[PDB]
Amino acid sequence: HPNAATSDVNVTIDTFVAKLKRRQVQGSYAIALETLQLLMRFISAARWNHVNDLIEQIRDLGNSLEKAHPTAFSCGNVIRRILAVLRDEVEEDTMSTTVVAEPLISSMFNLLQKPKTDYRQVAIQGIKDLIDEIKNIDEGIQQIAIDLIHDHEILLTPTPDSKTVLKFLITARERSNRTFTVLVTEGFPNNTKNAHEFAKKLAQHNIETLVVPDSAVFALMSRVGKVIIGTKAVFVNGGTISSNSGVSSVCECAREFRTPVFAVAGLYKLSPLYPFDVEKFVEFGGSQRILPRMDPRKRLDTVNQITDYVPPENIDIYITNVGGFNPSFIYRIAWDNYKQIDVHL
Amino acid sequence: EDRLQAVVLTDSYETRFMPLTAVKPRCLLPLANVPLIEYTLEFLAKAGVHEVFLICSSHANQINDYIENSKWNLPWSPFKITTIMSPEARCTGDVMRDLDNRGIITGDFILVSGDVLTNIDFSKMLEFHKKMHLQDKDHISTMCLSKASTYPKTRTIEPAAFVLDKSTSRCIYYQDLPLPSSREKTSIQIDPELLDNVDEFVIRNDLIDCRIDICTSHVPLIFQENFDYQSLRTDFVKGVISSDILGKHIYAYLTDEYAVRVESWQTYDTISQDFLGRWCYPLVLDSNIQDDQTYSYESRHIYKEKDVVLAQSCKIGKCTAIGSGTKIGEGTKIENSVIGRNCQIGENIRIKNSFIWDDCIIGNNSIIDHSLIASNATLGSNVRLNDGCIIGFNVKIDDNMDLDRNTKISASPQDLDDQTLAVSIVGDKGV
Amino acid sequence: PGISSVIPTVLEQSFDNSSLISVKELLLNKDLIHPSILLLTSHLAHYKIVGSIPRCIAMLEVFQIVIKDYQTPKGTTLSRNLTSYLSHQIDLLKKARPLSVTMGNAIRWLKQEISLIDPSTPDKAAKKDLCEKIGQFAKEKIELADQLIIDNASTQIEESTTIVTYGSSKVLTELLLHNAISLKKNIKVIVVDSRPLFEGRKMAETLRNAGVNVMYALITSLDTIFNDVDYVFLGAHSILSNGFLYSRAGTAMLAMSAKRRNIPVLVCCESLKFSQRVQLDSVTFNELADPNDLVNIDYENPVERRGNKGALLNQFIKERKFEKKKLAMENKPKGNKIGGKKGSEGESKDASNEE
Amino acid sequence: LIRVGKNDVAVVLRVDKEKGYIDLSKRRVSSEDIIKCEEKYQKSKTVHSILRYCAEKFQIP
Amino acid sequence: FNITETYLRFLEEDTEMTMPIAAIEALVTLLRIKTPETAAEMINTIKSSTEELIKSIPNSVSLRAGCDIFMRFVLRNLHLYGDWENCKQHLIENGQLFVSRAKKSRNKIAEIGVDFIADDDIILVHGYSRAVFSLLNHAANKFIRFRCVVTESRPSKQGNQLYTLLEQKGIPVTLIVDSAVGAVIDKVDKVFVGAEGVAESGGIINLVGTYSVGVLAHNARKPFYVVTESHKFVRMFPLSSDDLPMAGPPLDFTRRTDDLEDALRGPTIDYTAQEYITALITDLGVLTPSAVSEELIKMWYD
């Protein structure tokens, strides 16, 4: 499906693509917001007449968006959620149009056995709901989050790039009765400035801050109590894509020492697609930032990557806005938000 | 600040690429299995363009066809393509005059000479240009410069020595020397016209050419006025310096990041290598710009498109890119070389630092080293090539041939040895 | 008399036992000190090249030079104030940069030598023989040992290799160079760099100066570098009486990673680096430096950017501390290349009682 | 101590005067013989030096 | 006179004197003909012979260890600075004497180092060694409750042979495939192993599958044991997990065949790490932790 049908009806797709390609848009939240806006635009302006055809068109659009940018998971996720929202309503409608038993909320045997309305408003409302959900995640985490950290315990923080994780930390630090020491890993080629900023923020907040280089993780590990990840995207089996540099090794270390590994992200970051390949989804950074000169640097081929992938075996906890979950359970949450056919587009 | 037109100086540096540029246009040729114009267009878009103007003369019909086929022809584009058709063979002065005669020039117009692809953001540069313009009434044009690889040694064609100021960023002297290639003239001259006004004199050589110009409305008028200036770098800048029109300013923008224009063959190769690596920050093939492209990223700087087939047990080195529809056999050693789209590679072939264009057949038991093969030119069984051997259009290298260092092969079916017909010159066959 | 007190930045809450302060710019000292020691101290304080191996050699050279320059006073004997001088030198060294195990060993050797020849012999005959003896010793226990190690390594390396390396350890550089030049095998070298000292960069430069295929990586980028790659080599500082690897910064993590991803690690060491001092953690005694090393924002050492950070004393409750010497786990390294060809790290003090 | 290049003093134990097998010893050598053997070696070297220039000049074996 | 011929002597018989001992005897015999007085005519020749033997080796490791031990012994011998005749005579005597010693060592092992299996401890035995078998048989003479578990060894059906040797003593036995070895660790108490050689690092040079077994033992915390006659210390260092000086191919990927011809080329020799050993039973005292390495150091004086 090409962009021959959408030219004067919807123009913003091109702009979105541009934003994606040259990285004019920054932060997954912003991307999600943009996607939502696009969806709204599609809904308010275009014509349908039929429902299945419309659904197909939407699917095609989603596919196109995916093809334009693979590292933008939030965009995909939101679309999927919207589709799911549509789908249930459609199913409900069909039952009235025609004019059923189930043990649970969803059935497996229903796939094997042979099975005009104001749905537009409902669809519109769905988008609004999604927006609302996106707006506040930290408020639904803090009631569970400020129960884990105790007095005279030491925290270790890889990936300070995420905006949620910092907030979570701050909320914990607010409490007068609670006291903890913070060890911060830098992350050289991608996270350094961000890490520094985080450290500064911590200092401002009036907490004991310890800036640790990437090599000095091993010596302090006898005192480490907990591990927190600043992840960017959540998946099916448990595996997560983290917000750039210095996460994997630390996680491995934690696993070795049997240190508890926590993860805070959200359900809008959660994807119903499987991360079958690390090489396909993980994007690599820039060689220019590491070392100067060009003519001797033709011989010196430098390897540097943005995003990081951590196996589900190391991570045990996934606290979101709903509540505390596991990597062995999060799949069901995704299913509760994205339907069966909506996985493949 | 908004609404800016673009004029691209295309079909200007023909015969500079001595084997090629005879049948097909210069810019239409692929950089990395995809045309060179596209990159330029993308760059322009990034900068901020509202209307596109291209200068065509040599094989213009093909260019027109390409434009028709291209994505910007459809109404979704913010910028439309309208080509300037001119009589054959003229200098950049004449072209400028022609442009002036037509009359589309408004405000701060963009003039780009050749094809350039770089990673640096342009909005900031534009802002700087605006601010500097706002300083004094008689400000002319912007020049782009980047820091070189510490010491210059691979630069012989254009090793321009830029004497620059730190406070104002303005050029004082321009000079070209063939000193590293041929030791005949090793001399540096300084003109005393601007010694007692600048004071802060910084003499530099290690700066690479970009040839991207942000130009005011004065420039075409100036060109019309002084018809002696045929070129834009050697005579023009110097003239400006030596006070042709009194009390005027020019820009020389300095950037720490990578920015190099396409000029020769080795330089082109280097650019390609850079592109393959992570030198350019957002410019990667896996993003897919032409929409027909289906490139994907893999470990150790390896690019693979969709429908790429590679057989088992083949040890690969560093930095390799493969185009769509390829069939590669067994026992191959591939190192720092790009393979074109729909190319059929045989068995037991050792490749090091080479370059392969679109749709090429590489024969069984052959060695390729640091040499380029153009589109639809085929290599036969047992061909041994050395460093810097350019092969032209549709050249059929058949069974058993050996070619020494820096051997150039003709493209059109004249003066240089080895022709387009059967067997390259070891036994005399051709037109 | 020297200089005392006045220390920059916060003292922090944790890890406070060893000296981290001191003379950087000289002001008022005793008028008897030979300047070569001072110069050496100045160098060591702001050094970016040295790593365990060459330091001791340098020290030895300095000592030899001192001996050559040494003149016996007309009144007192050859050893009366010499010991005092030595003590002063030691104190200066400690003030500048804490003494290593090799340095301690050297000091012990010197002391032994002093005891051996009693004050009775003339000046020009004694020191003639002393300097020669010391040279001979140097030839024996250091260079020859290194050569032996190299040769051992040579036979140990098989066909088709892909190696990840770390450090400014001279022996490793020698090894890699040897591989590149005289062996002519299919060697691939991958380099890891660290923040406190640009050792990896130096290694890379050295490799370039020979003409080797080089991949360049860091401590963070390790999850993608493996995805073919087999051997891992590290540079050791000293092995204790326990058997644990008491070495430089980013080694232990690398070793752990190697252990996780199937293939074990090999470490090289000399037959003099062994110590009788017992410790099992980095908290006991550690090389701690001024937080001036962790100021520069990436790229290169001399850049100086006014970005986000540039304050330590004015900041309320902020602890910016880094460690140089680490204690790696015992079981993780399997191969140890010493004076006795090949052996396990669990031997600990088999050479210490042997002397 | 020994390894490569350094001069070491030896005394002949057992000789097989038929094909070519020579047995040597270092422990039997006293401190007096050290200088002597070295001196002998030096003499030999000098002799060799003497019969080398001749070989060079007249171009004869 | 040949050592190879001597070696090819015993084949259907054996099952008594240790191999490394027979080789030593052969070496001694070779020596005591061409006058051991001269060191120039003899030691070099011995070395050459050893090299030849190494070249001729089909699939044997311990020979080298034996020969180097012999060499070391010889070196030790001429430190008395007495006379050439008496020392030579002593050396000559020390060949048959060495052979005699082996039996005594075995006896010592079978009487002292058999206390591990006492309170009906179920044994998992893999890797054929004579010493272990002797220990087992000698343990049945003291009427002590015990039980045996056999893991299937497949170089050329040695497992069957092993089960045939245990039937002579009349003792209940069962066969277990080395795939379901992970499933059964529950009732089986301790794991016992017979080794081809002990490495410089401490680890064990063995047969068709031992590393996996070791790993399993580690997982289960049920201790791993090695019982060998103390003369299998070779100057060899397995630096990585899959490297040894092997005569056979180290995992060779055979080309696409059709008639099913090239398949059986699986690893017939495997290596396990130094940490896996809990107790090593040898005649020269009950010593394990880093004892082999110490012995090596003592031998080479380095």
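Residues numbered from 1 in each chain as written, not as in the entry; some residues may be left out. Chains lettered and ligands numbered in written order. Part of a larger assembly, values for the part shown. Heavy atoms only, no water. Residues with missing side-chain atoms left out of burial classes, pairs and counts.

Its PDB header names cryo-EM as the technique used to obtain the model and reports a resolution of 10.10 Å.

Enquirer: Would you mind going over the sheet that holds strand β2 (residues 51–56) of chain B in detail, with residue names and values included?
Expert: Adjacent strands of a sheet pair through backbone hydrogen bonds, lying either parallel or antiparallel. All names here are of chain B. Strand order in the open sheet made by the 7 strands is β3-β2-β1-β4-β9-β5-β10, with mixed pairing throughout. Each edge of the open sheet carries a strand with a single partner, namely β3 (81–85) and β10 (249–255). Looking at each pair of strands side by side, their axes are set apart by 25 degrees on average, direction ignored. Both strand β5 (residues 139–147) and β10 contribute to a ladder of 6 bridges, which runs parallel. Each bridged residue has a counterpart across the sheet, and for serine 146 the counterpart in β10 is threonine 255. (Pairing = 2+ DSSP bridges. Helix = DSSP H or I, 4+ residues; strand = E, 2+ residues; numbered from the N terminus. Axes fitted to C-alpha atoms, helices over the stretch in contact; angles between N-to-C directions.)

Enquirer: Give me the lowdown on a negative patch on the surface, citing residues and values where you can.
Expert: All names here are of chain B. On the surface, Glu225, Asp228, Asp235 and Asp244 cluster together into a patch of negative charge. Structurally, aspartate 244 is set in the loop between α7 (236–241) and β10. Since its relative accessible area comes to 36%, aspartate 244 is described here as partly exposed. (Patch = residues over 30% accessible without salt bridge, like charges linked within 9 Å, V, L, I, M, F, W, Y side chains within 5 Å. Areas by Shrake-Rupley, 256 points an atom, 1.4 Å probe, with all protein chains shown as cover. Salt bridge = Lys/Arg side-chain N within 4 Å of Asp/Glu carboxyl O. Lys, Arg positive; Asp, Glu negative; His and termini not counted. Charge placed at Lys NZ, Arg CZ, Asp CG, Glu CD. Buried < 20%, exposed > 50% of the residue type's maximum accessible area, 1.4 Å probe, protein only.)

Enquirer: Give me the arrangement of the chains: which residues, what numbers.
Expert: Counting contacts across all 7 pairs of chains found in contact, the highest total belongs to chains A and C. A gap remains between chain B and chain D, which never touch, and the nearest two C-alpha atoms on either side lie 41 Å apart. In this structure chain A stays clear of chain E, and the shortest span between their C-alpha atoms is 15 Å. (Contact = heavy atoms within 4.5 Å.)

Enquirer: Give me the lowdown on the interface of chain D and chain E, citing residues and values where you can.
Expert: Each side of the interface is counted separately: chain D has 6 residues, and chain E has 7 residues. Along the contact surface separating chain D from chain E lie 0 salt bridges. The interface formed by chain D and chain E holds 3 residue pairs in polar contact in total. For the side of chain D that touches chain E, the elements supplying multiple residues, two or more each, are β1 (11–16) and β2 (21–25) of chain D. (Polar contact = N/O pair within 3.5 Å; in protein donor to acceptor, adjacent residues only side chain to side chain.)

Enquirer: So, the domain arrangement of chain A: which residues are in play, and what are the values?
Expert: Residue and element names in this part refer to chain A. If you check the domain split of chain A, you get domain 1 (9–135) and domain 2 (137–336). Computed over C-alpha atoms only, the centres of domain 1 and domain 2 are separated by 30 Å. Each partner contributes to the interface: domain 1 provides 15 residues, whereas domain 2 provides 15 residues. Every element with two or more residues in the side of domain 1 that touches domain 2 is listed here: α2 (28–45), α4 (73–98) and α6 (119–135). Residue contributions to the side of domain 1 that touches domain 2 peak at 5 residues, all from α4. Among the residues forming the side of domain 1 that touches domain 2, the class breakdown is 4 nonpolar, 6 polar and 5 charged. (Domains from an automatic or database assignment. Nonpolar A, V, L, I, M, F, W, Y, C, P; charged D, E, K, R; others polar.)

Enquirer: An account of the packing of helix α3 (residues 92–102) of chain B against helix α6 (residues 218–225) of chain B is requested, with residue identities and associated values reported.
Expert: Residues and elements named next belong to chain B. Between α3 and α6, whose axes approach to 9 Å, the crossing angle comes to 115 degrees. Like other packed secondary-structure pairs, α3 and α6 cross with a definite hand, here left-handed. Taking contact as the criterion, the partners of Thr92, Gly93, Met96, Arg97, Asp100 and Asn101 in α3 are, on α6, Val219, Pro220, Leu221, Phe223 and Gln224. Residue composition of the contact of α3 with α6, by class: 5 nonpolar, 4 polar and 2 charged. (Left-handed = near helix turned anticlockwise from the far one by under 90°.)

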